[PDB]
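The data below hold one chain only, encoded as structure tokens and taken in the form deposited without this ligand.
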């Protein structure tokens, strides 16, 4: 049975309970904390790619008003984000199960850009999601997993200094 678990969930929970923020820049900014995923129950010999994308958690624009995040009143459809292919992809089940799969090199941007970077809408709330795609084999197969604990608002600068302080303390 394919088990997918969040590494350092205790750290992510400190961020979530303050409302997490991730910087987006024109050229793209790496994530802290990094999404790290513990995977077991793959076929050690089968061949898989690991994909990361970001679900808009709601259809609203958020704003930091009097020290608190509040949703706008005017929801718009949020298009699904583009997918980031983990650079170790494609790779054997054994490669993925031997250490946490770490998405340390994904860069979050607010502008349609060359390559690699994932474009997110500023002041939208996002839920990281992975897809494990069985490749090359006869039967293609996808398993998807969400990480509620890793939800964040995409921001061009930090609003809640409590987040700034946690980022610096643990980076």
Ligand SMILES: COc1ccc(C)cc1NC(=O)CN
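Residue numbers count along the first chain shown, from 1. Rigid core (definition): largest C-alpha set, two forms, superposition within 1.5 Å.
A.B. asks: Comparing C-alpha positions in 6 other deposited structures of this protein against this form, with the rigid core used for the fit, which stretch differs more, 138-146 or 99-107?
C.D. replies: This comes out as 138-146, the stretch further from the shown form in 6 other deposited structures of this protein.
A.B. asks: Per the record, averaged over C-alpha atoms, which has the higher B-factor: 110-118 or 62-70?
C.D. replies: Per the deposited B-factors, the answer is 110-118.
A.B. asks: Comparing 122-130 with 136-144, which stretch shows the greater average C-alpha B-factor in the deposited entry?
C.D. replies: Taking the mean B-factor of the alpha carbons in each, 136-144 is higher.
A.B. asks: State the tercile, meaning the lowest, middle or highest third, of residue 85 with respect to the CA B-factors recorded for its chain.
C.D. replies: Bottom third by C-alpha B-factor.
A.B. asks: Using the B-factor values recorded in the entry, state whether the Cα atom of residue 157 falls in the lowest, middle or highest third among the modelled residues of its chain.
C.D. replies: Residue 157: CA B-factor falls in the middle third of its chain.
A.B. asks: Going by the entry, which third of its chain does the Cα temperature factor of residue 3 land in?
C.D. replies: For residue 3, whose C-alpha B-factor we compare with every modelled residue in the chain, the answer is the highest third.
A.B. asks: Relative to the other modelled residues of the same chain, rank the CA B-factor of residue 21 and answer lowest, middle or highest third.
C.D. replies: Its C-alpha B-factor belongs to the lowest third of this chain's values.
A.B. asks: Sorting by Cα B-factor within the chain, modelled residues only, which third would residue 39 end up in: lowest, middle or highest?
C.D. replies: As the PDB entry reports it, the C-alpha B-factor of residue 39 lands in the middle third of its chain.
Omitted from view is the form solved in complex with this ligand, to which the following refers.
A.B. asks: Would you please decide whether residue 99 lies within 4.5 angstroms of this ligand in the deposited complex, comparing each non-hydrogen atom pair?
C.D. replies: Although this ligand is absent here, residue 99 would stay clear of it in the deposited complex, with no heavy atoms inside 4.5 Å.
A.B. asks: Can residue 119 be called a contact residue for this ligand in the deposited complex at 4.5 Å between heavy atoms?
C.D. replies: Close contact exists here: in the deposited complex, residue 119 approaches this ligand to within 4.5 Å, heavy atoms only.
A.B. asks: I'd like to know if residue 79 sits close to this ligand in the deposited complex, meaning any non-hydrogen atom pair within 4.5 angstroms.
C.D. replies: Residue 79: yes, in contact with this ligand in the deposited complex.
A.B. asks: Going by this ligand in the deposited complex, which residues of 82-116 come within 4.5 Å of it through any heavy atom?
C.D. replies: Stretch hits: zero.
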